[PDB]
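What follows is one chain in C-alpha cells, specifically the form deposited in one PDB entry.
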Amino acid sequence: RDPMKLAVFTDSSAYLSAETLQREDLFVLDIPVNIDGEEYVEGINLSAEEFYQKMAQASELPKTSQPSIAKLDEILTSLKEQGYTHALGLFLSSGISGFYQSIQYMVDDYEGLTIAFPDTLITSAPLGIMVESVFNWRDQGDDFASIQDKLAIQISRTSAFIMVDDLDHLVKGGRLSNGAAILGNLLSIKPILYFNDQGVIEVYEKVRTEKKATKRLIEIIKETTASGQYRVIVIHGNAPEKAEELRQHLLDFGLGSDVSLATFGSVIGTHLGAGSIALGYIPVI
C-alpha cells in the first residue's frame, strides 16, 4: 500500500456494508434524529427496526440534524497530532444537507494533513459503496490522487431513483420543493424522484400508479447501467415485499451478485417516510 497515513470519514446516512464497517481508520459521524424532544442515534439508543413505528407514534414529525462539524474538527485535530497525512471525507449530498458547504472552510485548516471533501451528490447505499471502494482502491496500492480520480468517475455516474408512499415527509422535511406536491394528482400518483446532477432530489417522471412506477424503476436502471459494470442496490423503508420483487426482476435481467438489498433507517426514513423504495446504482471502478 501507499505510505500515506489515511483517515476516511463518512456520515451515518451512508448505508455501510459489513466489509466496510470492519475497515481501519474509518470515522463515521453520527446523524442524530430528534423525536418528541429526545435525541436518538441509530445503533446507540435507536434500532433501525423500531424507527418507523416509533415515528408513527410520535407527536410531531422527527427532525434530523447535520453530522457534527465540532466532532469532525476535533477528530481532524487529533489525527494531525497523531501523524496522519491524509483525510478523505465522503458525506451526504450538498443537495440534501448544509453539512457539505459548511465543512469547505476546513479543507486547508490542518497543517500537515492533506484533506479532500468531494461532493458525493448522493447518500445511502451508493455513498456507502463509495466508502467501500476507497478501501478497495487503497488495497490496490492507489495513492490519494488516484483515489480522488476514481471517486470523481463514480460520482459522475451514480444516482438513485425513488418512489415514496406519500410525499408529505419529503416536502415537510424540506428536501423536495413545495411545488412538487401540487405537481401531480393526489394519493394514487406515484412520481419517481431522482438525484439530479447537482445532487438535488428532483421529479424524474410523474407515474400514475405504484405498479407502473415499480416497472419503470427497473426499466430506467436497465438504461442507466447499460454501459458498464454497476452495483445496483434495492433500498426500502418498511417495504420488503416490493423490494424483493424488484430484486427478483434485476436478478432475472442478469445482475447476479451485483444487485443487493439495503434499508432506509432513521436518518433517511425521517425524510422519505415508511413504505419507500429506491434503486441506487454506482459503477464498479
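Numbering starts at 1 and runs along the sequence shown. In this text, rigid core is short for the largest set of C-alphas that superpose within 1.5 Å between two forms.
The next section is about a form of this same protein that is not shown, the form deposited in another entry.
- Superposing the two forms on their core leaves just one of 75, 181, 200, 115 with a Cα displacement of at least 2 Å between this form and the one not shown, namely 181.
- After superposition on the rigid core, the Cα atom of residue 37 is displaced by less than 2 Å between this form and the one not shown.
- With the core superposed, residue 57 shows a C-alpha displacement below 2 Å between this form and the one not shown.
- Core-superposed comparison between this form and the one not shown: the CA of residue 256 exceeds or equals a 2 Å shift.
- The Cα-Cα distance between residue 272 and residue 179 is shortened by 3 Å or more in that other deposited form relative to the form shown here.
- Whereas the displayed form keeps them at a certain spacing, the CA atoms of residue 181 and residue 272 lie at least 3 angstroms farther apart in that other deposited form.
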